[PDB]
Structures are given as structure tokens and as C-alpha cells.
Amino acid sequence: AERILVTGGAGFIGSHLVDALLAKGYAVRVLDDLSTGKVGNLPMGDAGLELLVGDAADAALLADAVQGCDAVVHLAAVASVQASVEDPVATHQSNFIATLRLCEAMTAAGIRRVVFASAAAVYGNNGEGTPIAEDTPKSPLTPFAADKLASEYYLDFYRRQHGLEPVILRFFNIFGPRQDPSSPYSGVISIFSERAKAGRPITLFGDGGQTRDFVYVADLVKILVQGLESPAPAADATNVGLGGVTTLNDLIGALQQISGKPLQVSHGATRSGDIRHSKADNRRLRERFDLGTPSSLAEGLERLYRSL
Amino acid sequence: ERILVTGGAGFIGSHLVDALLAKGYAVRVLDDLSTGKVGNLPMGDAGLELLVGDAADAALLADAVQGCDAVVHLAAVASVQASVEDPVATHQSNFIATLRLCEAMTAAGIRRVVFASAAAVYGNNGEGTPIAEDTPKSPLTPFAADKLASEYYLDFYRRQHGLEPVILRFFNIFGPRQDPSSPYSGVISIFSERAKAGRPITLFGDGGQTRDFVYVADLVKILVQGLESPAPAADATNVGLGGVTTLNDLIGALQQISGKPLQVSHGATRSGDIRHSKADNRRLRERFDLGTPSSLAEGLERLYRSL
Ligand SMILES: NC(=O)c1ccc[n+]([C@@H]2O[C@H](COP(=O)([O-])OP(=O)(O)OC[C@H]3O[C@@H](n4cnc5c(N)ncnc54)[C@H](O)[C@@H]3O)[C@@H](O)[C@H]2O)c1
Ligand SMILES: NC(=O)c1ccc[n+]([C@@H]2O[C@H](COP(=O)([O-])OP(=O)(O)OC[C@H]3O[C@@H](n4cnc5c(N)ncnc54)[C@H](O)[C@@H]3O)[C@@H](O)[C@H]2O)c1
Ligand SMILES: CC(=O)N[C@H]1[C@@H](OP(=O)(O)OP(=O)(O)OC[C@H]2O[C@@H](n3ccc(=O)[nH]c3=O)[C@H](O)[C@@H]2O)O[C@H](CO)[C@H](O)[C@@H]1O
């Protein structure tokens, strides 16, 4: 049985990927420092699962972790953009050095396929209010965003210089069960859903007209598995957004209806770094992957709410 | 007023150090002497202070910026090929040193930093076209990705912490003290050393390739203006002259300077070589006082006369 190394596999997106890889018959090795990841997210009773707790920027750990692995999915990073604004030096280790060290370890081990979690943040404000195509000029505004873009550049260098096979995916806004809502900068759907379940007020920053291209985690996981299994993945990046439009106000009403309970909406000022309109151009994604019928917002919110 | 020059013992840096001392600045050099040479520096000037160490070293940088009014950040492993051979080690010099400097400048309250970026951030996208600053980016090596990442971090420190970066993308700089010791050294430093020594040169390709060559003294003038301008622009500026010199032109010009003919061996075209590279220097002309730059023949004669 083939083995998949998944960095950041104990986190929100990773642990769902781990569940799906195991069900398909893969062996899975998780590398995670448990900074936001959780052992309780993993099916520790699965004989096909191994867990290494450590830093993904640690070259000695990566030299051990890649041995016996046939492919990689690189999800480890400090996901909070705001954390990179507060501490660019520390987060640069997790958000870029880990990518560089993984490229070194994969090339030494002879492993070619790596699926990489890049981010819509590399566009910055360029293309706002339009479907953002992948060749939109880049404008990373934070150390996180610049580190994701730098990661793409280095992955492409190892592709051309050393035969690596990167699958670069720029996630738009992912949501669903296990997304951690404990931070004021957690994803808005995890925060809003947690408050609605508890019967407590949510806070809306701005007028609510901001739009996001939300993707339910199970649809992203399908794309991640396809990235591991495709015979000759494209060299350049692929947006993972649906090209859908959801205002925060749409989200508030849909969530309130699903919860069956009243929802108080308090106000706060528009966030300083807030992009108003964000939407992916889905053409490369629809050409390169079989999306099937993705979950609608309502379907994804219901699955989230019913899990808590 | 004291200026910190990281990489100040190198080719461009030491010419800058000379100019800054001549203008009355005190100058502090931070250099690890990997390629820089103390012989490039006017040691015992009494306005010159030399620190030897790693520009990525946090504690050394904290000392180096203390008492400094401005910074020129030239330290990097200049060789693209060394970054191909060792991405991990060169990332420390080519990017971490920039991040650590941003941190040290913010803590010490120093705003102005002139930064040596590079035409390599464009990859091959500039082939055959005047290369403007919004030419799409395609850094092909760790060196080029690190220069561009340095740019992005510098802009983040500008918006988040009040830094004043002057981002300059150098095209093909040449002149005295440029190390001709590598096969990948600048073509002018290699051809000039061979012409002075009366030894054959190797031309990779047909010699029709064109480059936008900039004599180091003209770049140094731009660097000083970056330090002294009252309100520099936030985005990058290409440093080229918009000049077009074929390698066959360069060979003929050097033959005429040296007085002897140059034997020219024929090599294959380098893989990935850009055939036609020219800056669109409109932003340079608008933001800086270019005066009358040295022609190629002028810069070649000054280089050749110093060998
Ligand atoms: N909307 C989204 O969720 C979204 C959007 C764009 C990009 N991404 C990217 O997707 C990936 C997964 O994010 P997520 O939403 O599941 O959040 P997450 O925080 O739950 O997952 C991040 C995981 O990485 C682990 N990790 C962090 N630093 C590490 C290190 N130095 N060494 C080892 N493990 C480390 C954490 O413990 C956690 O399990 C990240 O790269 C993130 O930046 C997510
Ligand atoms: N045509 C060109 O010469 C050209 C073109 C584009 C960019 N640049 C950039 O201009 C700057 C100067 O390059 P140069 O042509 O003068 O070459 P150079 O090698 O002579 O100068 C580089 C200097 O930086 C120093 N240095 C290197 N790593 C260091 C470290 N970790 N800590 C401290 N000092 C360190 C070296 O000792 C040397 O003195 C570099 O950033 C280079 O990438 C040059
Ligand atoms: C010295 C230098 O800064 N080189 C940089 C410059 O390369 P460039 O190719 O622009 O400059 P170069 O000086 O390395 O070479 C210019 C031309 O001369 C040719 N040639 C060179 C040596 C020789 O002995 N014979 C010969 O024919 C060479 O193949 C090339 O066609 O720009 C690139 C980015 O786009 C990289 O940043 C390179 O590192």
C-alpha cells in the first residue's frame, strides 16, 4: 500500500484529507506540531495511520518522515494571517522554510509528487470585484501571503531543476467541521456557527456586503486526492474557488435559518486589512479536476451545524 | 550622519563607500568578506568603520544599525548559480538578511533603506521588449525568488511600520573591482580581463545578444540620491539606461581599446539565456537625476585602464 506524508495533517483541512486517504486504502503519515492541529482530529485507531509530532521546518525530522513515503501533501503552515503580521520571523519558518526543507528532503528521497496549499492571499487586492484568474498580477500584503508565493516559486524551481511534480492549489475560503473557531481571526463561518450553536451574538465587521467564494472542506479534499493521483499535473497554479458569490449577509441569513434559532448581529468597524470582494475564476479548476456537484453553501453549513 | 552599507566591501558597495565618504558621511560597512575584499575599501579613512559578520545575524545587525541614519542593503550572495547549488544557505543571505534588517531598522527607528533588487525577478518575461516594472514576475532561481520576496517584505514594513524602502532592480552593472573569477561573472569583467591579458575569450552563441549595461559610477549616483531624496516612491524602479549593446559590439569596442585583436572561440548558447534584455527606465528618469550617464565606450575605457 502506498503511503502519503501529510504535513499539517492534524489540522482542519489535513485531518479530513487523512480520513479520506485511509478510506481509499492509503497508508498515511502525519507530521504536525499540534500548534493548532489536534490529535483528537485523527483516527488514531487506524492501523494505516502514523503520527509524528514535530516541526515541519526541522530537516532531521523531514529526513525521517519522508522515508517510505510515495507522495506528499504539504498543508503545514501558521494559517492565521494576523499571526504573521505580529511575528514575521517566527511564521516565516512555518510558512516558507518548511516548504524549502520539504523540497530538499523529497529530492534526496526521490519523491516527486507534492500537493501544496497555496492561498488567494497572493493576489492581494489585485482583481478585486472580478473573477480572479491565476495569471492576475501578484500582490502579497503580509508575510504569510509573501511566504505562500515564495513557496510557489521554490516549488517551481525544484520542478525544473530536480524533477519535482508540484500541484499548486490556491485555496479561497474553506469552511466546515473541525475548522477551529477559537481565534477572533478564525474563519468567519466557524466563528458565526459556533456563536449560533451557543445562542450568543455574532459580530459583523462592516456592512455585510463583502463577498467570498466559500468552499466546503469535503470538496477541497476531493481535489487534493485527485492532485495526488493525476498522471501529469500542470506546472502552474490552480485556484480552488467555486466562482461563487456569498455576501456575509447571505451567510448570516442562511446560518440563522439552519440553526432554527434567533441570531443577534452586533456591529464592529470594517477590518483594517479587509478585501471587500473575492471570487475565483474557476476555469482552470474545472478543466483540470473533476468537481462533480460541489456542496452549496446551505448544504455545507447544514453539515457543519449538525456536527456543532 | 552615518550610513550603514551591508555588502559594502564588494564591487558596488565599495564604490558607494568611496562616494559617501567623499561627500562627508561617516560610513559603516557590514560584510562577511565572502566575496568582498578589505582591499576594495579605503581602510584607515577615519570616517569608515568595518564590521565583519553575517548580515542575517540578529545580534550583529542590532549593533550595526545603532547610531545610523540610513541603510543601503547590498549584501547578498550575488551568484545565481550558487543559489541553485545551495538554496538553503543562500536563502539566509538573500532573504533572511533583508527580514532581519527590517526588524532591526524598525526597533531602532530608522526609516530609509535603499535595496538592491535585480532584473532576475522578471525571468524570461522581458525577452525582446523594454522591461517595465510591471512586466510579469517569473523568478527562476532561489536568488531571484529571494530578491522578490525581499521586495514584498520591505513593502509590508513600509505600510505596517513606517519604513521608507527605495527598491532598485539592477540591470547589468559593470566596472572596476567586479570579480571576473567565475565562468558566470559578468561578461564585461571576463572579456576585459582576457583582452588585457591577451588571452582568447569564449562567446556563447552568435554575439547578437543585447544587454543594458550600466557603469558602476552611474549606479552609485542613483544609490546616493535614494538616500537623500525627501519622499521616495513606494514601488520598484528599474536601474538601466535603456541602452542596447550586442556582445559583438562589446568585442569590437574592447578590441579598439586594447589595441590588440581578440581571438574569439565559439561556444553554444547558454541554456535559458535571454537574447534581448533592455530596461524601460522611464521611472528611473522621472524619479532620479540621471544627468549624462557614461557611454559603454567610456565605462569600458575606465575599467580597462584600471586593470
Ligand atoms: N480557508 C482556509 O482554511 C485556507 C485558505 C487558504 C490557505 N489555507 C492553507 O491550508 C493549510 C491548512 O490550513 P487549515 O485551514 O486546515 O488550518 P489549520 O491551522 O487547522 O491547519 C494548519 C496545521 O498545520 C500545523 N502546523 C503549523 N505549523 C507547523 C509546523 N511548523 N510544523 C508542523 N505542523 C505545523 C498545525 O498544527 C495545523 O494542524 C495551510 O497551509 C493554510 O495556510 C487554508
Ligand atoms: N550586475 C550586478 O552586479 C548586479 C545585478 C543585480 C543585482 N545586484 C545586486 O547588487 C548587490 C551587490 O552585488 P555586487 O555586484 O557588488 O557583488 P559582490 O559579491 O561583490 O557584493 C556582494 C557583497 O555582499 C557581501 N555578503 C554576501 N553575503 C553576505 C552576508 N550573508 N552577510 C554580509 N555580507 C554578505 C559579500 O562579501 C560582498 O561584499 C547584491 O545584492 C547583488 O545581488 C548586482
Ligand atoms: C553577472 C550577472 O549579473 N549575471 C546575471 C545576469 O545574467 P546576464 O546573462 O544578463 O549577464 P552575463 O554577464 O552573465 O552574460 C551576458 C551574456 O554574455 C554571455 N557570455 C558570458 C560570459 C562569457 O564568457 N561569454 C559569453 O558569451 C552570456 O552567455 C550572456 O549571453 O542576469 C541574470 C538575470 O536575468 C542573472 O541575474 C545573472 O546572474
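So that the names make sense, note that chain A is the first sequence line, chain B the second, and so on, each numbered from 1. Computation of the quantities below employed the complete heavy-atom set of this structure, encompassing side-chain atoms and omitting hydrogens, waters and symmetry-equivalent molecules.
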Student: At their closest point, which heavy atom of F157(A) faces which heavy atom of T141(B), and how far apart are they?
Tutor: CD1-CA, 4.2 Å
Student: As an exercise: rank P140(A), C103(A), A59(A) by heavy-atom pairs under 4.5 Å with chain B and give me the winner.
Tutor: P140(A)
Student: Return yes when atom CD of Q67(A) has more than 12 non-hydrogen atoms of other residues, nucleotides or ligands closer than 6.0 Å, and no otherwise.
Tutor: yes
Student: Sorted by first residue and then second, give each salt bridge (charged side-chain N to carboxylate O under 4.0 Å, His left out) pair with at least one member in residues 91-118 of chain A; sequence neighbours left out.
Tutor: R112(A)-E165(A), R113(A)-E165(A)
Student: Take atom CZ of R275(B) as the centre, draw a 6.0 Å sphere, and report whether it contains more than 12 heavy atoms from other residues, nucleotides or ligands.
Tutor: yes
Student: Would you say CZ of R283(A) has more than 12 non-hydrogen atoms from neighbouring residues, nucleotides or ligands within 6.0 angstrom?
Tutor: no
Student: Of the listed residues (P137(A), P143(A), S139(A)), which shares the most heavy-atom pairs with chain B below a 4.5 Å separation?
Tutor: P143(A)
Student: Specify the closest pair of heavy atoms between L141(A) and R159(B), including all atoms of both residues, with the distance to one decimal.
Tutor: O-NH2, 3.1 Å
Student: Where on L99(B) is there a heavy atom nearer than 4.5 Å to chain A: the side chain, the backbone, both, or neither?
Tutor: side chain
Student: Go through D147(A), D156(A), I97(A) and name the one with the most non-hydrogen pairs under 4.5 angstrom from chain B.
Tutor: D147(A)
Student: Angle class for the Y154(A)/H91(B) ring planes (parallel below 30°, perpendicular above 60°, tilted otherwise)?
Tutor: perpendicular
